[PDB]
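Here it is, the structure, as structure tokens.
The letters A, B, C, D, E, F, G, H, I, J, K, L, M and N name the chains in turn, as written, and every chain counts its residues from 1.
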């Protein structure tokens, strides 16, 4: 049989797909996640804050 | 009970914009996609647009793409349709329908009351 | 030892609200999602609702959506189920179960003792 | 009523300083942050600087950082704006406006009269 | 109205690189795949490359594989074509087209204006 | 160099508590997560617990959840493990390891010397 | 240009394993299937194995099935051949070929350079 | 206008500490983060350390963690780098740079002159 | 309207009528589901049948549907006075870029 | 109750019984897991089998199960006096918006 | 000038005109609010709309606004002679070190 | 050019001409669709016929096409002066690694 | 012990031995990395290979490894007297609620 | 030096030369911006391009760059005598604990 990729296929998005949220997903916290401090963030982190005494 | 209420219709001259809204209650808004369907006076039904539950994907009918814009606000439970460059062919009644999917095709389980948008000069 | 202790049941005439609770101990509450399942007297088991570990996503059964509200308090290790406008069909025994996920479907490994709500006139 | 009166404008040769102020009345000056905005003749508005209510945090635009200094004396209900080494490009109408925060952005509920500072040679 | 506008042509000595682009407006760029088609002066049309709607799949003609590279940026609605090690045989007019699929084959449903790439010494 | 010294071990009869500690030096303690691994005499390695760099997220093994408690003190560069209701099967050698993450899985780049805890009656 | 470079050969005693490799350049690796072909010294060519473009389907010759394993890594453009329980008759020069399909049968348009594997004691 | 002036170099036998300093002017020092980058003679640039504007977070390169200390003073607009137990491979020119963040990565908009540090025996 | 429906169908009360919906090889013959809607003269459409055999709670047992080959049919038994409404068949067409495709619309009038 | 279970099954002590759970092409025939629960007459359900082959610590080796095609069955050997309980199968159905779908519930009677 | 506003728009008295402010993914598309100010020719700018929907007491009900994605608009109905003024859109930009960013500004003309 | 075409076709105004595009058993004889493009002398190609019979909105009723066996034909009836353009047939060839294969291209000259 | 290892392998100094680690479709076959650890008889474990191909500074070039499918292996060439230690393979298993899963542990004996 | 740069490039005055920076799936191909720095033979480096397309005021329009996939390139057109300097590429690598990662360094020599 043909072992190569098929170039004659639909290259566009499928509108006939389920548009709703999936109830069959893992509802639990992920234990396999980066536990470290992520040395990539805005180090000048004064971007925008309330300048008044109260929120 | 599921209750979808539309507004924003009225009479507008051709060539300018009009923004509809479909406020919802009685269900979790952010778990479902929404549709827009329009029916011309004396004609059948015509699918207009769809939006995903998260807003990531949008699809439009060939006759309205580039002019219409569909968006949602999950914090106000309100669906919007921004309609620009209106033509006289766009006069119809617009319904918002909640999305559903069975096996290989999707349907609409609960519909709104509908609003009338007319374009004339 | 995982413990799920429930309360909040009783007799309520139809048309008003009732709130349940499911106190937890013996495990990290904030790392797990929770379910609610009911069993009508002499009947089988019916899934009711689920909540995510952070509380971001809620899903309800079609027969309870819009009336029941599920929420959690990660600081008290407690789970709530706020039922509004109770119908006679809502009489059953209510359980809280801890969520789990194997490959492609989820199950409940630890269940609560159960509380029973009667609604009648 | 909130009243913001500005004084201290005039014509200054380039290379030297000129000190501005904006007097306040009718509201608690010490409990609000407040901004500076300047408008060049025939141009739009451009944000200059903001100071926190306690004066702890100062923010300046990229064009005037290191030259402009903003200071407040809450015992006199007057904010002070020092402009050192004035250039010809600093010719603009400066506005003093109170700071407001709605959800995630800032805006000015009250504005002053405004004063003109012209640099020419 | 679907608009495809191209740029990046010119005259290039053989052996070095050139980059074309096709800016888009009037449709949802991220929902569609795109093609590149070239036409040598006085010759017919030749298919060059395709890219999927998400960029996951790329296909090339046998005469340009390993030298050309097609890519897209969905945040700017722009399609690119990086041409390396250009040869004299590559002198043609390049068109960006929007992909469509009917039953068992695909066609190009809106085309761009075209740009001229000249390779000479 | 990375140094991980441990203490707090000993011999305890089953049914009471014990508290371990792992003092660190040579690296920024507050920028890394920490683990605990145990090895029974003559057996393999068993993962026990993890704690996030801020202590927000904790995870425990199925056999130790509800009894063990992991905590850290960023002010002393020390890591703790609070063991409660100790049993005979918990006798092993306890290691403190530093967390690392490569692409899709985590590993321990630097380990401690190891301390031995024995439960007997 | 299509370039296939192979390595991993050498001398290995019978009864144990060996791994070959074939690094590729000049074409989209993830679009094509690949072959392994060997030639005993002084003999003709013999087909060994094929792998699909996505790695879903593998086929082996009758004399090497159960012992040889073919795999690919699309992120490194590398084709592997894991040869286990090597025998004396497995002494040959191994080639990697790119799969092509014409009408009803397949062929190999581009071949590697070949690597020599000798099994001896 | 941004100026970053450095000092604190010299010639040091290995194993003894030394302190750098980078004086800043022309911008609000307590509103930005700072970087240290070193360059050995005849080699490329090597990122060393970064400090947050408030000093809460410190990140060091692997080769310098546990030996180098970076500290800042907001009342003097001075950035410090306390380097202990200098080794021969530490000989380089250190630059104090100002931190800027665009979308998903940081960069240094303004750099200091740099000083040469010498470790020899 | 890629789906073809008869413009009108009538029958006497108490008898059985059938509304057909004929498609092509891209929408119905390709294996996609067919759903039915009912619109009274003055209100919005209401879902009638989904999944080609199933019905919601409010829909009575009188309405039924099925599909086979390239065509699908909606069967109504025991016509009543209130069944005067427009019936639409909806599916998905492989050849377009839309979620739904509707039929022409069949108006049912009971001879009362 | 999408998943179908026989309402009751019985057997003599020491013999083997098989409880079945048959679904459709959307829940069990779609590749989703099947999980089994046991409920004594006066207590909350306990997990019995998860992942179609695995069982918790408290469950003895007598209980076992598997799945094949659209059908999943629970096989019990060595019936005991304490095995009288309601046994449910639970899976996920693609056609609704709920995490779990249960079965009807079989009652196991031990012919003591 | 990171925000873009049309140089000038015009319309008949009493009609509706649209003033639009198009931003980017960093200022408006990032989820930050947009505030509108109306500056009279002879005095300081006055607050018009805050929170993308809220207006002060002084601002009449004719003025309104909304935002979607990376763009925001100011909708003015019933144009009057006193509506001739400069309008500015204001948001916050993540990529800069300024609390506010101002657009080019729109000069509104009423064809009196 | 796996699909071969006549290099030129001419006809007088008001009559009917035919442009043929014959291929082999791998592109047209294998069941793949044939599409037609029209290129006016100084602009980019424009889609003329897709799906072997269908035409876009802008294409008038004069143009039509069909295929049978291993050949496809384009029928133009009632020539005008503005019909002078190159016509290309496009399909998919199973024996290559490309999405489209084009024909040689036929220039139509109307004998005005 | 989700990951399976041979309890012991051996080889004479100067030869090549291969330590394998067999997993499943949930830990190794799901795309998660495999890491190796070496434990001398009297000391704590030491990282040997991370990232399935990478090694720390102290580890000599003799140790190497790769994965394929549901299995990964650690290849050691040039056996030495100090290679007497326990070798553990580690990955992450999607099915549990733990960060790491360890194997049984393979003992390498140098045939001196 | 996870980012790879050519050790030396050359170009005649007035010609166009390119400086390439090659990364991997963790630094450049993972969606992190690439920044370019220019260092004179006797002074500190100065920012030249940030955000893969943007340059400061001081940098002339001759310097421009872009990124694609796992590679980045800095294009310099109209080479001048003062263009002789070392050019560095900087990004962020996911697998390390450093804010910046630099390349090998490219030396540009003008063939005067």
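Here, a residue touches a chain if its C-beta (ideal position, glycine included) is under 8 Å from a C-beta of that chain, and two chains touch if they have at least 3 such contacts.
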item	value
Chains contacting each of chain C and chain M, listed by label	A, F
Chain whose Cα centroid lies nearest the overall Cα centroid	A
Option in C-M, E-I or H-N whose residue-number contact pairs overlap F-M by over half	H-N
Selected interface, F-M versus E-I, where C-beta contact pairs are more numerous	F-M
Whole-Å separation of chain centres (CA-atom averages), chain F against chain H	35
Inter-centroid spacing, chain J versus chain B (mean Cα positions, whole Å)	45
Centre-of-Cα separation between chain M and chain I, whole angstrom	64
Where chain I touches two or more other chains, by residue	32, 51, 92, 95, 97-99
For chain F, residues contacting two or more additional chains	31, 50, 57, 59, 100, 102-106
In chain A, residues with contacts to at least two other chains	4-5, 7-8, 12-13, 15-16, 19-21, 23-24, 28-29, 31-32, 36-37, 39-40, 43-44, 46, 48
Residue ranges of chain I in contact with chain E within the complex	26, 94-95, 97
For the chain D and chain A complex, residues of the former touching the latter	31-34, 50-53, 57, 59, 99-101, 104-106
Of chain D, residues touching chain H in the complex	57-60, 65-66
In the complex, chain A residues that touch chain B	13, 15-16, 18-21
Chain N to chain H touching residues, read off their complex	1, 31-35, 37, 43-47, 50-51, 54, 56, 88, 90-92, 96-105
